Structures are given as C-alpha cells and as structure tokens.
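Student: This structure is in structure tokens; I'll ask about it shortly.
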Amino acid sequence: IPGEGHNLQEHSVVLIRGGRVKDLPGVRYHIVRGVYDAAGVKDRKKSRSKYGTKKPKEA
Amino acid sequence: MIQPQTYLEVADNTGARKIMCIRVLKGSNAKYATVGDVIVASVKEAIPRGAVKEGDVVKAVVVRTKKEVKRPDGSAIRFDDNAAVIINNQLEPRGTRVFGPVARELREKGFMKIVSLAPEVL
Amino acid sequence: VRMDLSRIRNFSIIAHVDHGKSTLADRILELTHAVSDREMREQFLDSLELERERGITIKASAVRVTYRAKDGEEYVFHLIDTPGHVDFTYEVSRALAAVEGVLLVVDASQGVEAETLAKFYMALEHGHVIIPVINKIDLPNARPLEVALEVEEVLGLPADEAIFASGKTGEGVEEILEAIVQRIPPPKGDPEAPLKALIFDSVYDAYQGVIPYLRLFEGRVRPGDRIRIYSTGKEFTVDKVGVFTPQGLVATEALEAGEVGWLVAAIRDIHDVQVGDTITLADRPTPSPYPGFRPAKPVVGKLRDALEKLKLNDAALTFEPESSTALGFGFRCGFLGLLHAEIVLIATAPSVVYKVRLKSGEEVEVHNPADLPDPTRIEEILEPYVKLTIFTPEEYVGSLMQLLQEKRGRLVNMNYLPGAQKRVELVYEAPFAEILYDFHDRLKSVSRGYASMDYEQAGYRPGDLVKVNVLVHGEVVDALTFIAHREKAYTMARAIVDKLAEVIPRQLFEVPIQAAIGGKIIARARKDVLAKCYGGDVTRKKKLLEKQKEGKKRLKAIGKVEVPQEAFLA
Amino acid sequence: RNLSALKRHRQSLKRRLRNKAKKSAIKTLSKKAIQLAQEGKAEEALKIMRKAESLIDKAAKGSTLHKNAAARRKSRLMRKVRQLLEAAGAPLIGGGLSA
RNA sequence: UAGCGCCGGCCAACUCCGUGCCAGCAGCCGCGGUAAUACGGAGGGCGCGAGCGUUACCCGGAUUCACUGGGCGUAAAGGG
RNA sequence: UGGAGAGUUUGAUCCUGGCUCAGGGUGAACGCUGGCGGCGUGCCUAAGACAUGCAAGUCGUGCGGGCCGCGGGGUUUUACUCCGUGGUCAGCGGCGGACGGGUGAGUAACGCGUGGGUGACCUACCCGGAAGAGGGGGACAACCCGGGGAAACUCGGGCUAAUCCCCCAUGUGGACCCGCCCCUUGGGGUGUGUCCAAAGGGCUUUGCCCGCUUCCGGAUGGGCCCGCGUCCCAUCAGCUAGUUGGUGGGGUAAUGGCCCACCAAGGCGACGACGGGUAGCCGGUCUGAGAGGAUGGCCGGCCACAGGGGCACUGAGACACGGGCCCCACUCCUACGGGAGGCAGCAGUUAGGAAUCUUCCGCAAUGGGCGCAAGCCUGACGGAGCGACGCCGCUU
Ligand SMILES: Nc1nc2c(ncn2[C@@H]2O[C@H](COP(=O)(O)OP(=O)(O)CP(=O)(O)O)[C@@H](O)[C@H]2O)c(=O)[nH]1
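In order, the protein sequences belong to chains P, g, C and X.
Sequential numbering from 70 applies to the first sequence in the deposited numbering.
Sequential numbering from 1 applies to the second sequence in the deposited numbering.
For reference, each letter of the third sequence is one residue, going 2 to 301, 314 to 357, 369 to 549, 555 to 599 in the deposited numbering.
Sequential numbering from 8 applies to the fourth sequence in the deposited numbering.
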C-alpha cells in the first residue's frame with residue numbers, strides 16, 4: 070500500500086498497475102489513492118498527483 | 001412407469017440424458033410413481049460446464065413406457081422414459097425441452113406453461 | 002388535448018392499508034380503453050405483473066382520463082395516487098404534496114386508521130381539498146351510515162359528501178366524476194412563465210432516455226430543447242412528452258402548463274443520483290420550485318457490490334463496509350424491512377458500530393465489535409443517541425413510556441399539542457442500533473401502528489455497555505460479544521449463547537462451550558461397547574469403562590481444533 | 008418483417024422442376040443409346056442420339072446447361088456409339104454420325 | 001481559463017523550519033536513529049505547457065544475439 | 001549526408017556481464033486541471049448477448065387484374081359495363097439480391113506476397129462486328145368457388161395474359177465423332193450426316209425507341225496449376241489405406257483418385273515433415289546510422305466466415321452476413337393449434353472487462369441499382385454530434 074492513509078480491509082475493490090518497491094521480494098504493486106473505495110491522504114500539499122488528491126482552495 | 005430410484009430418462013437440463021431417481025413425492029405409502037407427478041431424483045451422468053451440476057433435485061413426470069389409461073381411454077405407449085425437471089415448488093428451470101404434444105402431461109394442470117415448451121417431433 | 006390554459010386540477014385518492022386504492026380508477030370510465038380480451042384485469046395500471054403474487058401495487062403512475070364530462074371541462078386533472086401502507090409514503094411522499102386534494106373511500110370493515118391522520122397531515126403543508134367518500138357496497142355484513150358518519154366525528158369532517166359508490170362495481174364513482182370538477186380547486190395553468198416544474202417519479206429510460214415526467218406549473222415547454230435546474234443539469238434536446246398513457250409511449254406534442262407529461266430523451270442510462278429537486282426544466286429566469294421534495298430516514314465475493322437497481326427508491330444503505338468477524342453477509346439491510354426478495369445472505373438484524381474513545385486519547389480508533397481486542401481499561405463505550413419526536417393518537421404513551429425505557433430512556437421533554445385530539449408529542453433520548461431491534465414492530469403494536477417518528481440522535485460521554493463474550497471449550501469461539509448494557513449480559517445469554525448446538529456435534533466429547541463474556545462464566549450450554562459382557566460383572570464392565578474414559582482426557586486435549594464454526598450464526 | 012424477395016426462391020422453385028428433369032432425361036436417353044449400343048441397334052441409338060441433341064439445345068435455349076459439358080455428353084455418347092460399331096457394328100445412317 | 005511534476009548523485013537547478021530508525025519516497029545507489037539538501041512544511045529554482053506526470057508496451061540505446069561487429073585457456077563454458 | 005551515453009562491486013583499481021535511465025512512439029491509461037478552433041481518430045479482452053426503428057429495387061414506354069379516383073358514357077330507369085386512364089395496392093414477368101457495411105475468430109496451408117501458367121477456360125450487362133428476328137401450341141398468379149385457421153396462413157378444383165415455356169419451321173453459321181491440310185501434348189483451317197436458332201413492346205405509321213437472338217472482335221472480370229518468399233517449440237522421431245501413381249470410367253466453366261472400381265505398390269521425411277504451440281496475411285507502420293529488429297488494427301489487397309454445423313438450388317458469376325433445406329444451441333410470440341426469428345450491417349442496450357462513441361441530419365454533390373427518361377432508394381457518404389483521445393494552431 071503506497072501512501073500514508075491506512076484504509077480498506079478483508080475486501081476493497083480498487084485497481085493497480087504496480088511499480089517496484091525495491092524493498093521486499095515479488096511484491097510489485099502500488100495501488101493509487103482515492104480510486105474506488107481506497108482513499109487518499111491530504112495535507113501533503115504538493116505532489117498530490119501521485120497519491121491522488123484534488124487541490125484544496127488554499128485551505 | 002412407476003419407480004423408486006432407477007435409471008430414468010431426464011432429457012431435460014442435465015448435461016447428459018439421464019437421471020437416477022429417488023422416489024414418489026406425496027402419499028407415504030404409494031410405491032408406484034404415477035405419471036402426472038413430481039418426483040425426487042438425481043442425475044448420474046455428466047454435463048458440459050452447464051449449470052445444474054451434481055447434487056439433488058425434486059421434479060416431475062414425462063411419459064411412462066408402461067401402460068396408461070385415459071378416462072376417454074385414449075392410449076399411447078413409448079419404449080422410453082423421459083421426465084420433467086423443476087426448480088422450487090413449481091417453475092421450470094430450462095426454457096428448453098424438445099418433445100411432443102402428448103396427453104396426460106398438462107392434466108395435473110399445475111404447470112400449464114410447460115406445454116408450449118415441448119411440442120415437437122421425435 | 003388542446004386544452005390550453007385554464008381547467009385542469011390536482012386530486013388523489015389516498016387511504017389506509019388494503020382499501021382498494023386501485024378500484025375507482027379501474028376502468029368503465031366511458032373513456033373507452035383497456036379491452037380486447039386482454040383487459041387490464043384486476044389491479045390494472047401497468048404495475049409489473051410480478052405483483053400478481055398478492056397485487057401489492059408499489060406506486061401509481063400515469064393513467065389519465067380524457068372525455069367523460071357531460072360537455073364541460075372534458076378532461077383536466079391528474080390521476081396519480083400511489084398505494085400501500087406506511088411502506089412507501091415517506092419515500093413516495095414526493096407525490097404527496099404534489100397534487101392538491103386526495104380521494105379515498107374508507108374501508109367498510111377496518112375503517113379509518115392511522116394512515117388516515119398521518120395521510121392528512123400532508124394534505125395541509127401542500128394545500129389540498131379534503132375528499133371523504135366511503136366506498137364498498139356495504140358488503141354482506143356492514144353498516145353504511147354509522148361507518149360513514151364515524152369518519153365524521155374523529156376526522157372532524159362532517160357530511161362533506163361522498164356517496165357509498167360501493168367498492169365492488171356498484172356505483173363506481175358514478176358521482177365523484179361530475180363532482181370532481183365541482184369538488185376540487187384549480188391549479189392555475191398560466192400560458193407562460195419561467196417554467197416552474199418539480200421532478201416527479203423516476204422512470205428508467207426503457208432503452209434510451211429516462212422518464213422524468215414533469216409538470217409545467219407555470220410555463221410552457223416543447224420537445225428537443227435545453228434544460229437547467231439548480232445543478233445546471235448537463236442535458237440537451239429531448240423527445241416531446243407523450244403523457245402517462247396506458248401502453249407503450251404515445252405521440253403528440255409535449256405536456257402543458259400543469260398537465261402530467263413525462264420528460265423523455267436527453268438522458269440515456271446516465272445515472273448519477275440526479276433524482277432532481279425542482280422543475281429541472283429551463284427556459285428563462287424562474288426562481289427555484291417549492292422545495293417540496295424529500296424522503297426522510299430509514300425507519301428500520315460479489316453478488317452485486319452496487320445495488321444501484323434503483324437508488325432513487327433505495328431505503329438507505331450503500332452496503333457500506335461493516336466489520337463483522339463472521340461472514341459479514343447482509344449489511345445495513347434491516348432498515349427497509351417488510352420489503353425484500355429480488356432475484357439472485370443473512371439479515372443480522374442490527375450491526376451498530378458505535379464510537380470508542382480509549383483512554384490516553386485515541387479518538388474513535390475505528391470503533392467496532394472486533395477492532396483491537398480489549399487492551400486497556402475501556403472508557404465506558406460512549407456514543408450518541410436519538411431523541412423522541414413523533415406524534416401519537418389517544419393515550420398510547422402508557423405502552424411507549426414503558427417500552428421506551430428499552431435503554432435507560434430519559435424523558436427529554438414530554439409535550440401535548442393543543443387544539444388536536446389525544447395526539448401527543450413525547451420525547452426521549454436513546455441509542456441507534458438499539459432502536460433497530462424489537463422497536464419497529466413494537467412502534468406500531470404499542471400504539472397500534474399509529475404515527476411515526478423522526479430524530480437526529482444525541483448522547484455522549486458515558487453509557488454502560490460492557491463487552492459480553494462467550495465460552496466454548498476452545499476459546500474466542502467464532503466472533504461474538506459486543507457490549508452487554510443494562511444486565512444485557514444474560515438478557516441474550518439464554519438466547520444466542522444457547523445457539524442450539526452448532527447443528528453439528530462432532531465426536532462424543534460433549535465440550536462445554538460456555539460464555540466467557542467477562543467473568544466468571546455465565547451461559548450454560555461415546556461408543557456403546559460397555560453393555561456387551563452381558564448379565565454380570567459390575568467389575569469387568571468398569572474395566573472396559575475406564576479404557577474409553579481415559580481417551581476423553583487425552584482427546585479434548587490432543588484433539589485440537591474441535592471448532593465447528595461457520596454454521597448458521599444463530 | 009415483410010422483405011419481399013421470396014420471389015426468387017418460389018419462382019425458382021418451378022425451375023427446380025424444369026431443366027432438372029430435362030437434364031435427367033438426357034441421362035436416360037443417353038444410356039438407352041448406350042443400352043442400344045450393346046445390341047447392334049445403332050440406328051435406334053442414334054435417333055435417340057438426335058433426341059439427345061434436342062434436349063441439349065433445349066437447355067441451350069436459356070439458362071440451363073452447355074459449356075463443353077453438353078458436348079461431353081455428345082462426344083462421349085457418340086464415341087460409345089463408335090466403339091461398339093467397332094464391335095462388328097456395320098454402321099447404318101450418317102444421321103447419327105458424320106459420313 | 002494556468003497548471004503538474006521536479007530538485008543526493010547521476011542528469012539540470014537551495015535553503016529553511018517539522019520530523020528525529022517512526023512516518024518515509026525511491027530510475028539506481030538507497031537516502032534518514034534528535035542540527036537529514038532524498039521525510040513533512042514553506043519558499044525558491046527547474047522543467048514543459050493547457051497539458052504535465054503516470055504505468056504498460058515497442059524497439060532503440062545495446063556489440064546485453066554477433067552476417068556487418070563479437071567471444072568462449074584461470075573470468076560463463078573444448079564434449080573423455 | 002548518418003551512428004553523445006552515464007551509473008552503480010570493492011579499502012582501492014581494471015576487465016567479462018548483468019541491472020536500470022537519458023530517444024521516440026504507439027487505438028491507450030489514473031492524476032490534476034480542464035478556453036477555443038482545426039484535423040485526425042475511438043472494441044485490439046466471451047466470435048456473449050443482443051428490444052424497439054433501418055440498411056436493395058423499380059419496372060402501367062413487360063404483362064393482366066384487384067383498388068380509389070377523373071369524367072364521358074356503352075346505357076332510359078334501375079345502373080353499372082366501360083373511353084381515356086389519373087393514379088394505387090399486390091401479383092406475373094425482368095435485372096441487382098455475391099458490390100458496398102463488418103470484424104479477423106479459427107486456419108501455418110499455394111490460402112496471400114512476388115512471378116509465371118492459362119497448349120487442359122469462363123465471362124451477366126461493354127463497344128466494335130456478321131447479323132438475325134416465322135408459324136404453332138400451353139401452363140400460372142391473383143379471379144370464382146369450395147377447404148383449415150385468433151390472425152397470419154394453409155388446401156383442392158375451374159377460368160385467364162404475355163419479352164414464360166414448349167411446338168417444327170428457318171439457317172450469314174454454330175457444337176461433337178470420324179477423315180484431312182498447316183502448328184504436332186484439347187494450335188489454326190477443310191471433309192459429309194445429324195444436331196441447333198429466338199417475344200415484341202414503347203413512339204409521333206413506317207420510321208423511330210428499348211429490347212429479343214446465334215456467332216465474331218477485343219475490352220473487362222474471374223478462375224485454376226506451379227517458381228520463389230512466407231511464425232516459435234526436436235523433452236513432438238517416423239507417419240501416412242484416396243494415403244502414391246497406372247488403367248478405365250465418373251462427374252464437374254475447365255485438370256487432377258475432385259470420385260469409383262480396378263491395376264499396382266507405396267509415398268513424404270534431420271534441407272525438417274508427420275505434431276505441438278501461435279497467428280487473415282501482404283500494402284505496410286514504428287524503431288533505428290546503417291546493418292537491423294519489432295509489430296500489422298483505422299486506409300488498400302484478396303481469403304475467411306459470416307447463431308454453431310453442413311448441404312446443395314438458382315444461376316453471368318456463389319456455398320449466398322437483411323435466402324432455401326436440415327440438424328445444434330437460443331430467443332421471444334401463441335388464442336396453446338402453433339409461431340417467427342438470428343445486430344461479428346447500421347445506429348444503439350446489457351454483460352464484459354481499466355478502457356472506448358449521437359436511438360444525428362440529410363438526398364446536396366460525390367457512388368451504385370432501376371428506368372428510354374422523369375423518377376426512385378440507399379444510417380455508402382456527407383458534414384455535424386460528443387472523448388485535450390491523439391494531433392496542428394490558438395489567448396489566458
Ligand atoms: N368484497 C369486496 N372487495 C373489494 C371491494 N373493494 C375492493 N375490493 C377487492 O379488494 C382488492 C384490493 O382492493 P384495492 O384497494 O383496489 O387494491 P389495494 O388494496 O390497493 C392493493 P395495493 O395497495 O398493492 O394497490 C381488490 O382486488 C378488490 O378485488 C369491496 O367493496 N368489496
């Protein structure tokens with residue numbers, strides 16, 4: 070799980086391309102935030118694109 | 001015509017042309033499995049992917065290959081023994097059944113819709 | 002019908018449960034229609050045929066008359082009147098304060114009831130004309146005068162006309178008709194205005210373009226044009242309204258200024274909770290429409318994952334997440350009730377989650393019944409609540425105030441409306457989930473199913489609840505235990521605990537699975558070789574009796590697992 | 008639902024009579040000559056050969072049969088005539104053969 | 001109607017408070033355990049531009065399939 | 001005439017090599033936003049389904065009615081048979097129903113490439129050409145009537161037209177067998193005998209106008225048979241009984257075991273079969289100095305199917321995507337007797353799956369089909385509809 074926003078349980082539909090997280094074997098898939106019932110962290114003002122979040126109105 | 005368990009032809013929604021029977025459905029003592037009746041039974045033969053798969057089922061008569069009578073004494077024999085299949089209390093799973101016109105079938109008159117669905121040749 | 006400005010009206014025949022709300026407008030209206038051996042049979046009005054199971058009509062849409070007046074208004078008035086019984090009213094309320102006035106014949110048998118009072122409470126906020134008409138040909142045994150006059154003492158209405166048109170055939174509104182135009186007000190059909198036109202009942206697109214039949218209360222409209230309502234309304238040209246005919250879509254121009262035309266085209270399956278909230282139609286600068294549209298609350314590996322079969326009518330439960338140790342199964346489905354059975369789970373009745381506030385400051389921490397076992401001294405559960413704000417007839421409080429204490433009820437502030445009659449206004453805070461079990465069914469019985477309820481919840485800080493668990497030889501068992509509040513410990517003990525016996529026994533050990541709720545146990549839920562050396566030796570019997578007796582001590586211990594869960598959950 | 012060209016079928020149905028039987032006739036007649044070919048009744052076989060010619064061009068009159076194949080029927084049949092005239096035929100008319 | 005990503009080094013362009021072996025991003029090395037230029041926050045710069053990252057694939061690059069243009073004793077291997 | 005690199009190992013260094021990044025790009029894609037205009041372009045995953053409307057005819061200058069009209073009458077009335085027919089529905093008879101619209105599944109093979117072979121052929125309607133163009137008889141639809149039927153339809157009998165068929169003339173000649181000359185594997189010319197021809201209607205009445213016909217000229221189309229080219233696996237190493245040829249025969253626009261019987265015994269195979277996996281394929285496109293590699297959808301070329309499977313029929317030409325026949329699955333309709341159908345055509349719905357499109361508008365030209373012309377159709381095309389989806393320009 071890429072990100073800073075824990076969510077989702079025994080089941081939660083989302084979707085996934087992956088990307089190397091060259092830290093642990095075989096695992097290969099960083100699901101993007103906010104898609105389907107997965108959420109997205111906020112506050113992380115710039116770099117909202119990855120770890121998707123719409124821009125807040127300076128608030 | 002009558003049967004506890006036996007080989008009896010299903011010709012219905014099984015993936016192959018057979019069902020093993022279990023027994024008569026109503027009167028405790030009866031032995032005889034009279035036509036115009038629903039029955040408990042099961043397929044023994046195979047299926048192409050399909051749906052109904054292996055398990056258990058309750059369902060109904062077609063034909064006899066053992067002497068009917070009519071009140072009008074119409075008569076009609078047939079060295080073969082297909083019989084109907086049903087889901088729930090009543091409704092017919094497969095929307096397909098090749099078969100002919102025939103007589104005793106509708107006469108229970110609990111399941112009129114079927115009659116249309118098996119009208120034809122052979 | 003060429004019927005330009007003027008004329009038209011708004012009348013509806015609403016009544017209690019089982020009253021033939023589909024008798025009057027059945028047929029033989031002289032208008033000529035529905036026949037050819039394929040008559041609309043009993044309980045016409047499209048429907049869905051599926052209701053044939055018990056003619057349980059869901060709603061009443063379309064069905065408009067034309068000619069029938071001895072050379073008068075010809076035909077100018079709606080004819081929609083959804084039936085049922087406090088099962089779709091609130092949700093279908095959208096049609097309540099829609100057409101002024103509402104007809105309905107009182108049942109010669111049961112007679113007036115709750116649905117009568119509550120049904121009227123709406124015929125006011127909107128502004129309609131009362132219509133008292135006792136139907137039913139009096140049947141074999143039944144009074145026509147008493148019954149009629151009856152609904153005149155309580156309802157407060159006097160000989161406001163009616164005529165025992167008689168339910169079965171009989172007169173058949175053979176009077177109301179020529180009287181309708183005389184016993185009804187006008188809805189004003191302005192030739193043009195900035196198109197006031199609130200959204201009516203949703204009707205799928207059938208295969209191209211939804212059916213949002215509107216009603217130009219003050220303005221005109223044509224086909225294939227633009228539209229804009231509050232939410233802008235991203236739409237375009239659309240087919241001309243044909244009107245709620247009896248069969249397939251009809252022809253002719255669109256509706257009029259107040260008529261009952263359906264809005265087709267423009268939309269195609271494009272479903273986005275765009276149920277609407279106003280005339281939706283656009284053309285100029287017309288202020289919004291009377292926000293007289295809204296329902297209320299819920300009252301009570315795939316499979317779907319999106320029961321969007323018709324969110325428009327959906328009670329209120331998008332499945333959500335729900336954290337249930339068991340097989341979760343059905344979720345937030347105990348609200349709709351009475352309604353069910355679709356096509357292709370287990371209704372665990374309630375599933376309240378609540379909000380936990382562990383000490384040391386840990387916020388909600390995602391409250392649940394299996395979210396982090398008990399690690400530190402609980403903070404007394406704590407959660408919200410719901411006050412009591414629902415009218416009532418006669419003195420039914422006696423049963424309410426008694427059962428109301430289902431959860432340390434607190435007389436929020438009893439009240440008694442004046443001018444009314446018996447109708448009171450009690451108030452008492454409580455919980456959420458709790459008000460989901462042994463409440464609904466009681467809410468009616470206690471007061472004979474009279475009046476409803478509506479709150480916003482309330483209550484926090486303290487509130488007992490504990491965490492009643494269970495025992496089963498093994499440990500932790502399936503996944504039960506929640507919060508035994510108010511002796512609720514043993515309350516359900518002899519109930520759920522005594523889960524029959526898991527249906528399956530497995531072995532002849534006879535493990536004693538108690539209820540380690542939090543004690544101090546609470547709940548309290555083999556070969557036959559011995560007799561074979563027959564006729565003697567209360568000795569050797571014992572010899573072979575100990576052999577197996579030793580296995581038990583070596584079985585239950587070594588025989589790990591012995592957990593036959595995933596049975597029925599009951 | 009009422010596309011109308013069924014025409015061709017049913018119309019052609021009368022045709023499936025026509026030529027077909029006509030074609031069939033050619034066989035019989037041909038083999039009758041062939042039958043005759045066995046027995047020295049060549050005159051007969053060639054009068055029938057004539058008739059065969061007739062059916063050939065009856066087919067020729069319109070959209071029935073010909074190509075080389077008509078002459079296949081011709082040249083074959085008559086060739087048979089010639090090989091059995093070889094069988095001590097002592098041939099009669101040129102009405103069945105070029106002189 | 002102006003915005004997205006970007007800044008250890010490659011391969012461009014700086015600090016700052018937060019944080020303090022967590023929470024972390026990460027083409028590649030990985031970079032951080034109480035003063036972090038990679039981690040948050042600003043601010044700046046950079047980049048392109050109404051489109052910017054974005055994986056996936058495609059070959060290239062790459063002589064990492066080699067006819068052009070290779071190597072094969074100890075580095076991978078000469079058949080007993 | 002076109003070919004940039006860096007980085008990472010170990011205390012350090014240099015090799016062999018591996019990793020991944022700098023290049024561009026493709027039917028795309030979440031992410032943020034999102035002004036317009038222009039252009040391009042959008043099922044490559046179940047070749048599942050698929051509802052309603054719509055995709056191929058118009059011929060009364062072919063033929064005869066039913067059907068409404070126009071008005072006169074043949075006619076006094078009661079009327080209707082009729083003079084033009086104005087039309088019109090159906091039908092008979094004509095030519096198109098194979099070209100267009102689709103998608104590319106299954107097939108690795110002469111199917112396509114690329115080139116030849118066509119001395120074992122065929123062309124509807126094309127112009128050019130020799131022309132040719134009589135008598136005679138006969139059936140069908142509807143019509144009448146009976147017959148079955150909720151309808152649709154289904155059934156007998158009786159009439160009736162003609163470019164329909166037959167009838168024998170009639171031959172500028174054509175077809176074969178046998179015989180010839182001249183090229184010599186079914187080349188081109190002569191040889192007798194058979195065999196063989198086929199409506200008129202339209203118009204302004206003898207001329208026009210469309211047609212009708214054998215034969216010829218080439219045009220054009222298609223066809224087959226081979227040269228060569230045509231994807232990965234040798235843990236698939238031998239397989240083949242119309243399988244290989246011969247006779248003779250058989251049927252076929254045309255050869256060949258395409259088929260049969262019979263005679264023979266094979267016959268292919270490490271140059272790579274018999275298998276297996278995997279795939280319309282070439283135009284091509286993309287990469288890249290080049291060498292080269294990869295891929296092949298929108299645009300062009302055929303095959304291929306065009307519910308699954310198969311077979312034929314008509315016929316100028318097929319194995320017939322809006323035909324027939326039948327099985328196999330499926331559908332909805334029935335009044336319960338029976339039906340009627342096949343959206344991988346259009347447009348468009350669900351299921352699919354991350355992903356993908358207006359139930360446009362139109363006969364205008366461009367295209368075809370008819371027709372002597374008017375005339376008439378066609379979701380061909382046209383432009384527009386909508387997805388920064390790509391692309392060019394465009395202000396902020
Ligand atoms: N004996 C009798 N039956 C009546 C009378 N009026 C109505 N009914 C019968 O009762 C049935 C139900 O009445 P009706 O109100 O029209 O239907 P409904 O109660 O609205 C059912 P739903 O609410 O779902 O529409 C009807 O099918 C009708 O046959 C009556 O006066 N006498």
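C-beta: ideal position from N, C-alpha, C; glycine also.
Can you give me the C-alpha to C-alpha distance between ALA99 (chain C) and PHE218 (chain C), rounded to a whole angstrom?
Tutor: One C-alpha to the other measures close to 11 Å.
Student: Leaving out five residues before and five after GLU176 (chain C) in sequence, what residues of the same chain have Cβ atoms less than 7 Å from its Cβ?
Tutor: For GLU176 (chain C), where only same-chain residues beyond five positions count, the Cβ hits under 7 Å are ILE164, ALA166.
Student: Identify the contact partners of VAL82 (chain P) in chain C, using a Cβ-Cβ distance below 8 Å as the criterion.
Tutor: Near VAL82 (chain P) (Cβ distances below 8 Å), the residues of chain C are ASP318.
Student: Which residues in the same chain have their Cβ closer than 6 Å to the Cβ of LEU97 (chain C), if we skip the five residues on either side of it in sequence?
Tutor: These residues qualify, in order along the chain: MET123.
Student: With a 10 Å radius around its C-beta and 16 neighbouring C-beta atoms as the bar for buried, classify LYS523 (chain C) as buried or exposed.
Tutor: By the 10 Å Cβ count, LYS523 (chain C) comes out buried.
Student: Using a Cβ cut-off of 8 Å, pull out every chain P residue sitting near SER336 (chain C), in sequence order please.
Tutor: Those are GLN78, listed as they occur along chain P.
Student: Would you check whether ligand 1 has a heavy atom nearer than 6 Å to the C-beta of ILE135 (chain C)?
Tutor: Incorrect: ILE135 (chain C) has no Cβ contact closer than 6 Å to ligand 1.
Student: So, using beta-carbon positions, are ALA40 (chain X) and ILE55 (chain X) closer together than 7 Å?
Tutor: Yes, the pair counts as a contact, with Cβ atoms nearer than the cut-off.
Student: Is it right to say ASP80 (chain g) is buried, meaning 16 or more other beta carbons lie within 10 angstroms of its own, or is it exposed?
Tutor: Looking at its Cβ environment, which holds fewer than 16 other Cβ atoms inside 10 Å, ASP80 (chain g) is exposed.
Student: CA-CA distance, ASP226 (chain C) and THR238 (chain C)?
Tutor: Using only the alpha carbons, I get a separation of about 4 Å.
Student: Determine the closest residue to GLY580 (chain C) out of C:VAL590, C:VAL155, C:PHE533, with distance taken between C-alpha atoms.
Tutor: Nearest option by C-alpha distance: C:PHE533.
Student: Using a threshold of 7 Å, state whether the C-beta atoms of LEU125 (chain C) and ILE14 (chain C) are closer than that.
Tutor: The answer is no: Cβ separation not under 7 Å.
Student: For a quick check, are the C-beta atoms of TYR231 (chain C) and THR279 (chain C) less than 7 Å apart?
Tutor: In contact: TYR231 (chain C) and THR279 (chain C) (Cβ atoms closer than 7 Å).
Student: Please give me, in chain order, every unbroken run of the alpha helix (DSSP H) with length at least 4 that falls completely inside the segment 446-510 of chain C.
Tutor: Correct list: 464-469.
Student: I want to know whether the segment 457-465 of chain C touches the segment 427-441 of chain C - three or more CB-CB distances under 8 Å.
Tutor: Yes, since at least three Cβ pairs between the segment 457-465 of chain C and the segment 427-441 of chain C fall closer than 8 Å, the two stretches touch.
Student: Should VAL388 (chain C) be labelled buried (16 or more other beta-carbon atoms within 10 Å of its own) or exposed?
Tutor: Looking at its Cβ environment, which holds fewer than 16 other Cβ atoms inside 10 Å, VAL388 (chain C) is exposed.
Student: How should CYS562 (chain C) be labelled, buried or exposed, when 16 other C-beta atoms within 10 angstroms of its C-beta is the threshold for buried?
Tutor: So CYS562 (chain C) ends up on the exposed side.
Student: Can you pull the DSSP bridge partners for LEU282 (chain C)?
Tutor: DSSP lists C:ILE228 as partners of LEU282 (chain C).
Student: Do the CB positions of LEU196 (chain C) and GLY157 (chain C) come within less than 7 Å of each other?
Tutor: No; because the gap between Cβ atoms is not below 7 Å, this pair is not in contact.
Student: Could you say if the segment 477-488 of chain C and the segment 402-413 of chain C meet the contact criterion of at least three C-beta pairs nearer than 8 Å?
Tutor: In short, these stretches touch, since the Cβ pair count reaches three.
Student: Taking the continuous alpha helix (DSSP H) assigned at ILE41 (chain X), which residues delimit it?
Tutor: Its alpha helix (DSSP H) spans residues 13-44.
Student: Tell me whether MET20 (chain g) sits in a helix, a strand or coil according to DSSP, three-state version.
Tutor: Three-state DSSP puts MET20 (chain g) in a strand.
Student: Run through DSSP, which three-state label would residue 129 (chain g) get?
Tutor: Outside the shown range of chain g (1 to 122) lies residue 129 (chain g), about which nothing can therefore be said.
Student: Using 10 angstroms around the beta-carbon of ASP398 (chain C), count the other beta-carbons present and answer buried if the total reaches 16, otherwise exposed.
Tutor: The residue in question, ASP398 (chain C), is exposed, as its Cβ has fewer than 16 Cβ neighbours within 10 Å.
Student: Tell me which same chain residues have a C-beta within less than 6 Å of the C-beta of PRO299 (chain C), skipping the five on either side of it?
Tutor: Here the set comprises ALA328, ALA329, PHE348.
Student: Beta carbon of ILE164 (chain C): closer than 6 Å to some heavy atom of ligand 1?
Tutor: No, ligand 1 has no heavy atom inside 6 Å of this Cβ.
Student: How big is the Cα-Cα spacing for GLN42 (chain X) and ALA97 (chain X)?
Tutor: Computed Cα separation, rounded: 17 Å.
Student: Could you give the DSSP three-state label for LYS197 (chain C): helix, strand or coil?
Tutor: Here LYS197 (chain C) sits in strand by DSSP.
Student: Out of C:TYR291, C:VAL436, C:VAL301, C:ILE200, point me to the one whose CA is closest to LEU264 (chain C)'s CA.
Tutor: Taking only the C-alpha atoms, the option nearest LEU264 (chain C) is C:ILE200.
Student: Using only the heavy atoms of ligand 1, determine whether one of them is closer than 6 Å to the beta carbon of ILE15 (chain C).
Tutor: No, ligand 1 has no heavy atom inside 6 Å of this Cβ.
Student: Can you tell me whether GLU108 (chain g) is helix, strand or coil according to DSSP?
Tutor: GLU108 (chain g) falls in the helix class under three-state DSSP.
Student: Please report the Cβ distance between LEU46 (chain C) and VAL66 (chain C), rounded to the nearest whole angstrom; I am assuming they are in contact, meaning their Cβ atoms lie under 8 Å.
Tutor: That belief does not hold up - the Cβ atoms of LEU46 (chain C) and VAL66 (chain C) are roughly 13 Å apart, past 8 Å.
Student: Check whether the Cβ of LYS60 (chain C) lies closer than 6 Å to any heavy atom of ligand 1, and answer yes or no.
Tutor: Checking the Cβ of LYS60 (chain C) against ligand 1 gives no.
Student: Does DSSP classify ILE587 (chain C) as helix, strand or coil?
Tutor: Looking at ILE587 (chain C) - three-state DSSP - the assignment turns out to be helix.
Student: For the alpha helix (DSSP H) containing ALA513 (chain C), name the first residue and the last one.
Tutor: First-last of the alpha helix (DSSP H) with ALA513 (chain C): 512-515.
Student: Note down the Cα distance separating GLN3 (chain g) from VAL24 (chain g), rounded to an integer number of angstroms.
Tutor: Near 8 Å, if we compare the C-alpha coordinates of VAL24 (chain g) and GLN3 (chain g).
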